[PDB]
Amino acid sequence: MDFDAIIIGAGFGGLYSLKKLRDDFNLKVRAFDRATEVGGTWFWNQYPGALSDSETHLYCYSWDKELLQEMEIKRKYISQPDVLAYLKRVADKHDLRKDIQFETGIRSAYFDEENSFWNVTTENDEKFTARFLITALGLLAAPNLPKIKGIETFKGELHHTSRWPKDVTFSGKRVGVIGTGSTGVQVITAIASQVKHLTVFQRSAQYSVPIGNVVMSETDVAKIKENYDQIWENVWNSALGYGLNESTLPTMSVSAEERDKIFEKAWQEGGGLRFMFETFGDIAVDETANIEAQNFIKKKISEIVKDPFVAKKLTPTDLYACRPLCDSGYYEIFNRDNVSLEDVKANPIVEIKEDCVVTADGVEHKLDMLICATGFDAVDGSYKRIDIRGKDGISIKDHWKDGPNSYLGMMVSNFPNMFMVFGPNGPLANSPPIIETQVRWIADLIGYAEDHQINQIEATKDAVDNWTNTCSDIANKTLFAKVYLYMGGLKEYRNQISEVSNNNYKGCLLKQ
Ligand SMILES: Cc1cc2nc3c(=O)[nH]c(=O)nc-3n(C[C@H](O)[C@H](O)[C@H](O)COP(=O)(O)OP(=O)(O)OC[C@H]3O[C@@H](n4cnc5c(N)ncnc54)[C@H](O)[C@@H]3O)c2cc1C
Ligand SMILES: NC(=O)c1ccc[n+]([C@@H]2O[C@H](COP(=O)([O-])OP(=O)(O)OC[C@H]3O[C@@H](n4cnc5c(N)ncnc54)[C@H](OP(=O)(O)O)[C@@H]3O)[C@@H](O)[C@H]2O)c1
């Protein structure tokens, strides 16, 4: 049938895209998701230790103040089952499920350049027509299974963290974990005390700081809910949106005693972004500052891990670091008698047999269970996995063959009436604040189309290449170089797009 808008995704971005377009702008709209329930990545990713790296009171929606006062704030950080339960309550309250079609994947989306709408086809050969396409696909594509010889011969339990089954038990089992990223650190910390023996196959050690996830008292929660209006105003007025006191103090402008005290204070409070952006202001910019942040965490590793040779294996060797990981006792794990750490860069994995992982030294690591916390493909992977064709039938895979590009992280030279929520080339901040910022900006432009009887918004290649130059300008100011992301912060990003919404959407081709 016909719709004013069609949304792909029932996660954070899709649920708010549905609420804003349907109830506030009174548009006819339908959303689609492969899953059986809302939640997005929080429905799929149920691996042990899954936890937000934003604090509980900020990893949520800000637009429903009755929901904020209603909100469950159990611990300082929120687990996957509680994020899922929160998103379900959002769907229960605002009557969202009746306009979501579940168990329905989108195969193709073709823009009708004549009638100026999109032709969307599901994986079941069902076709829907709609003026606008809202893509809220998130950061997911399950496969980065390790390309290891004989991985298909393993007869024990083999799980990727994105497809974690239920009823997994660990007692009496020899378990292996490949990968020490954010997910691997969470899995290893959660299961180490439950397994008979754990082998960690680390190819690249990373910096991790304690998260300090503690229960929240009723007065801790009251201290938040009573000041929630000011808390969100600080989010909109910040670069990261994590509720941090973002520092402008340069690292080398204080004594070594003063520097050590500031790093220790953030370490005790917890949080990876706090240690990097609440301590000082040039850790991601100046090289000498970045090395000081490294040395503090290296000193912490050498203090926690009592075996100096294990601590050495856990210490990163790269000269310059980016954002640390957050953990609830990761480095303490490696003091346990039932934990073995394997440097698979000096001793790579060469084969997987029916009952073991064998490294280059010939040692067979016998395992009952092998966990692959090996990550996924890139941002665009969610977009290139759908057959999206825009003007002159050009596909989203072809136009993004040389990496992704967009205008304000929301529109592409492929997009005539297709708006990206949390898409590539967006800001680097707390996701729910970013998602609210884009959904409100996208609905404003769509409302700016219904009143003026316009039916085709497009973005120039000049505007897309101008957004690429903006991001490339800020990105090369930082150590994070050596254009996927805008690194100017959430506040400046809201100003970049406000100058567009004010100047009658400069860079956008409107056709009546
Ligand atoms: C364990 C974990 C912890 C995290 N913690 C934080 C945090 O603390 N702070 C933060 O800012 N971010 C965090 N993130 C990142 C997180 O992805 C975002 O916060 C947020 O979930 C993004 O919401 P989204 O709706 O844009 O994407 P998603 O939540 O991933 O939703 C995407 C949905 O679109 C669906 N979909 C896709 N494609 C298609 C298709 N062709 N047809 C049909 N349906 C489709 C998918 O099935 C999926 O349900 C975390 C991620 C994980 C996995
Ligand atoms: N920044 C955060 O705090 C945070 C928190 C939650 C989610 N996320 C996002 O979720 C995404 C995925 O996180 P993730 O931890 O699941 O994966 P990841 O960050 O991409 O890291 C995957 C880990 O598995 C290792 N690995 C991959 N292939 C391997 C192989 N063939 N052999 C041996 N080891 C291999 C990698 O080692 P190498 O490093 O050597 O490649 C890496 O340590 C991240 O990109 C991140 O953006 C981030």
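Quick notes on the rules
- Residues numbered from 1 in each chain as written, not as in the entry; some residues may be left out.
- Chains lettered and ligands numbered in written order.
- Heavy atoms only, no water.
- Near = heavy atom within 4 Å.
- Polar contact = N/O pair within 3.5 Å; in protein donor to acceptor, adjacent residues only side chain to side chain.
- Areas by Shrake-Rupley, 256 points an atom, 1.4 Å probe, with all protein chains shown as cover.
- Salt bridge = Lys/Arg side-chain N within 4 Å of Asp/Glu carboxyl O.
- Helix = DSSP H or I, 4+ residues; strand = E, 2+ residues; numbered from the N terminus.
- Buried < 20%, exposed > 50% of the residue type's maximum accessible area, 1.4 Å probe, protein only.
- Domains from an automatic or database assignment.
- Expected span 1.5 Å × (residues − 1).
- Arc of directions from axis to C-beta.
- Contact = heavy atoms within 4.5 Å.

### A few points about the site of ligand 2
Okay, so step 1: Around ligand 2, the structure places 15 residues, and the nearest of them are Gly179, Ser182, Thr183, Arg203 and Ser204.
Okay, so step 2: Between ligand 2 and the protein, one listed contact pairs an oxygen atom with a side-chain N or O atom of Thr183 at 2.8 Å.
Okay, so step 3: In this structure, an oxygen atom belonging to ligand 2 sits 2.7 Å away from a side-chain N or O atom of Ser204.
Okay, so step 4: Protein chains bury 67% of the 930 Å² of accessible surface belonging to ligand 2 in isolation.

### Quick notes on the pattern of salt bridges
Pairing between side chains of opposite charge can happen when their charged atoms approach one another.
Okay, so step 1: If you walk through the whole model with that rule in mind, you get 31 salt bridges.
Okay, so step 2: Of the charged contacts, one joins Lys20 and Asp24 as a salt bridge, the two residues approaching to 2.5 Å between their closest N and O atoms. A residue pair is termed a helical-turn pair when its members lie 3 or 4 positions apart in one helix, as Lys20 and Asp24 do in helix α1 (residues 12-24) at 4 residues.
Okay, so step 3: Residue classification places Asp24 among the partly exposed positions, given a relative accessible area of 43%.
Okay, so step 4: Ionic pairing is found between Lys461 and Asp465, a salt bridge with its closest N-O pair at 3.8 Å. One end of the pair, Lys461, and the other, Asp465, are both in helix α16 (residues 461-475), 4 residues apart, so they sit about a helical turn from each other.
Okay, so step 5: Taking the relative accessible area as the measure of exposure, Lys461 reaches 54% and is therefore exposed.
Okay, so step 6: Linked by salt bridges that have partners in common, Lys19, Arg22, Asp23, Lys98 and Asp99 make up one network.

### A closer look at the domain arrangement of the protein chain
Okay, so step 1: The domains assigned to the protein chain are domain 1 (1-146 + 378-512) and domain 2 (147-375).
Okay, so step 2: Centre-to-centre separation of domain 1 and domain 2, based on C-alpha positions: 29 Å.
Okay, so step 3: The interface formed by domain 1 and domain 2 contains 4 salt bridges.
Okay, so step 4: A salt bridge links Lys65 to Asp229; its shortest N-O distance comes to 3.9 Å.
Okay, so step 5: Taken together, the links from domain 1 to domain 2 amount to 21 residue pairs in polar contact.
Okay, so step 6: With 5 residues, the top contributor of residues to the side of domain 1 that touches domain 2 is strand β3 (residues 51-55).

### A look at α16
Okay, so step 1: Here α16 is 15 residues long and its end C-alpha atoms lie 21 Å apart, about the 21 Å a rise of 1.5 Å per residue gives.
Okay, so step 2: All of the buried residues in α16 are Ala463, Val464, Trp467, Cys471 and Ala475. Along the axis of α16, the buried residues cluster in a sector spanning 115 degrees; they form a single face. Set apart from the buried face of α16 by more than 90 degrees, the exposed residues are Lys461, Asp462, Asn466 and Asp473.
Okay, so step 3: Here the buried face of α16 lies against β21 (456-459) and α17 (490-502).
Okay, so step 4: Among the residues of α16, the N-terminal cap falls to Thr460, whose side-chain oxygen and the backbone nitrogen of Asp462 are separated by 2.9 Å.

### Comments concerning the site of ligand 1
Okay, so step 1: Around ligand 1, the structure places 32 residues, and the nearest of them are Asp33, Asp53, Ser54, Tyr59 and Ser431.
Okay, so step 2: Contact distances for ligand 1 include 3.3 Å between an oxygen atom and a backbone N or O atom of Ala136.
Okay, so step 3: Taken by itself ligand 1 offers 1000 Å² of open surface, and the protein chains cover 89% of this.
Okay, so step 4: Of all the secondary-structure elements, those providing two or more residues to the shell around ligand 1 are α1, α2 (41-44), β3 and α15 (431-450).
Okay, so step 5: A total of 4 residues in the shell around ligand 1 trace back to one element, the largest contributor, which is β3.

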